[PDB]
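Look below for two forms of one protein chain, each set out as structure tokens: first structure 1, then structure 2.
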Structure 1
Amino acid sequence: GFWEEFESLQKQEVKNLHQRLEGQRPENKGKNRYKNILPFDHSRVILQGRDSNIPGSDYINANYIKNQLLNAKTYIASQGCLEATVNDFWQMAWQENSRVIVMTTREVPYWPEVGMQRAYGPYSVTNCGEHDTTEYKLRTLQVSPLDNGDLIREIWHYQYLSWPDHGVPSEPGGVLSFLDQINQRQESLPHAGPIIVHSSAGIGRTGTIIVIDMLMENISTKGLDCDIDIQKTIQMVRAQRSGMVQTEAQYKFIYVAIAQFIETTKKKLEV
């Protein structure tokens, strides 16, 4: 009954076991969209090339996320940029060798318009084209260090357009198609660093997208015959960034999406 359930939930606490010192530093206050949504120190992304004598200079609100129930894909779960952290975001993308960025919100932009080139700190970003579907945009970005134009990286920016405010999509087909494109892209780049995924707080839509993708990967890799434990998968990612999958609606969407993924996959096999 109550005490058994309570005891179980207490077993799942992580914020008591993992500190969030860096994100709470006063010097980093302007770098968090929400003062109470912060990265665990242990898995945070540390920005390189910064001066430790500038308090907080290495900080970004983002964590590495791995499928740790297990060569699976790796991720970074990041909060969406503030005006003050756009350069930090590009520093993260560059240093991590990320070639795929997944943005789950509609429009602070951090890319130029098609055919245009802009500087973000030490980096140049060029928008080499945009291609749309009914639910998302794909922008092809080319990034280089400002001082070295001979060094160019193609970065594929996927922006989902139709996720409802304060809810989830009514059907999961759009997200499943979106993730299929993302997976194929990442798989085509064996040396690529983690896929960066972001949303306003970097936990709700972000955790939902990441968990669905990890489950699709488990299914593709281990088979339709494999055990799917969504609750366990969610807890495993929450130990890496607090609050991943934040709402009842998101939680239910994961089940709805994976159920449809399985059923469609099966139907295709049996045609």
Structure 2
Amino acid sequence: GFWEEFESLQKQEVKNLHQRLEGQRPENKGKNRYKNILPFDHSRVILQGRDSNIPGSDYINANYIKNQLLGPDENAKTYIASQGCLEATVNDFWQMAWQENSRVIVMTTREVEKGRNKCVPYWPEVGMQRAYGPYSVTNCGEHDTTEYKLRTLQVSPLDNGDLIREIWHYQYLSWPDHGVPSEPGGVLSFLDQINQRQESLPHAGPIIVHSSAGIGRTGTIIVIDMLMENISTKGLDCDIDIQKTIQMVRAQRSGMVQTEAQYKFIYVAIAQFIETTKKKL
């Protein structure tokens, strides 16, 4: 069933041609990790404060994602789904985080996996402070579990050093690219911490979620989080439609949820989440 359902989504996805003009511009070639994995123009994050006479200066490979199945009077978080930093786009990443008021970053990849580069680091070591373009970032501490690391960051504009934002950086360590975690417990614990942190803030901006390509593990974890928010707010009676949720998310960024195993993992994770919610209440 799982293979057939995911195959069906893949077949629809070839017919998913929203324009991706900005990402395809020659001037932006070095800002994309994979030349076929690009943000839709209609939902791309546009970097502010840049010189429009520098071609492509506003560009980053990332999109706003929200649950567009919800009615306008309903309320659930907005996400940004981003690729992982290249050396040339680390400063772009920090401009995005700053301008969007993001207070939580969710990294679902390791920097290097099996000798293959996935994401360049964009934080300093513990206790250290480093400038990234116009922003200063200080690593104010690291706290680890078996499956993920939390780094507590402080970020300030160089031109405005008394304005300081705390940003919480959550990195999941055991979700391989094009693959799935061995069990869903780790991700569910991960997401619980992430949501607790986000909601404990007044008016934080969108949570930034990224992987390497910004579609597989990023798409899968966003869909899981969306379904958890639905269950949390509407109860266990809620109608859950994973296929419909994935196609809705794919209207906002191409190829979200990359493999049939990741598709199955959404079911596995949500089913475990449901049994947890059933017990507690």
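Residue 1 is the first residue of structure 1, and the numbers go on in sequence order from there. Only residues modelled in both forms are compared. Note that the rigid core is defined as the largest set of C-alphas that superpose within 1.5 Å between two forms.
If you fit the rigid core between structure 1 and structure 2, which of 260, 19, 24, 12 ends up with a C-alpha shift of 2 Å or more? The one that moves 2 Å or more is 12.
C-alpha of residue 191 off by 2 Å or more between structure 1 and structure 2 on rigid core: Moves: no, less than 2 Å.
Taking the rigid core as reference, does the Cα of residue 165 move 2 Å or more between structure 1 and structure 2? Shift of 2 Å or more: yes.
Segments of at least 3 residues with every CA displaced 2 Å or more between structure 1 and structure 2, core-aligned, in sequence order? Listed in sequence order, the moving runs between structure 1 and structure 2 are 1-17, 164-166, 267-269.
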